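K.L.:
what shape does this take:
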Amino acid sequence: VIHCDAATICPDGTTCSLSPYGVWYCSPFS
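P.N.:
Numbers count the residues shown, from 1 in each chain. And now the structure:
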């Protein structure tokens, strides 16, 4: 899994990103 912050994690084929509600997660890029 990928990382960028410190707690939240990221699956495969995605990029760490922050939600508009302050939610840390990974989005599918292409």
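K.L.:
any idea how many residues pack against residue 18?
P.N.:
13 (other Cβ atoms under 10 Å). Just so you know, the C-beta spots here come from the backbone N, C-alpha and C atoms, and that holds for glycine as well.
K.L.:
wait, it sits on residue 27?
P.N.:
No. Counting by Cβ atoms under 8 Å, residue 18 stays clear of residue 27, with 9.8 Å between them.
K.L.:
shared neighbours of these two, which are they?
P.N.:
Shared contacts of residue 18 and residue 27 (Cβ atoms under 8 Å, 6 or more residues apart in numbering): none.
K.L.:
residue 26 is in what secondary structure piece?
P.N.:
Element membership for residue 26, per DSSP states H and E: strand 24-27.
K.L.:
sheet partners, orientation included, of that strand?
P.N.:
Here strand 24-27 is paired, per DSSP bridges, with strand 15-18 (antiparallel).
K.L.:
residue 5 and residue 26 touch, don't they?
P.N.:
No. Counting by Cβ under 8 Å, residue 5 stays clear of residue 26, with 10.7 Å between them.
K.L.:
what about those two, which has more around it?
P.N.:
Applying other Cβ under 10 Å to residue 5 and residue 26 shows that residue 26 carries more neighbours, namely 19 against 10.
K.L.:
shared neighbours of residue 5 and residue 26, which are they?
P.N.:
With Cβ under 8 Å, 6+ apart as the test, residue 5 and residue 26 both reach residue 16.
K.L.:
what comes up buried for the strand holding residue 26?
P.N.:
Neighbour-count burial for strand 24-27 flags residue 26 (criterion: 16 or more other Cβ atoms under 10 Å).
K.L.:
tell me the buried residues in stretch 3-17?
P.N.:
By neighbour count with 16+ other Cβ under 10 Å, stretch 3-17 contains the buried residues residue 10.
K.L.:
that concludes my questions; thank you for your assistance.
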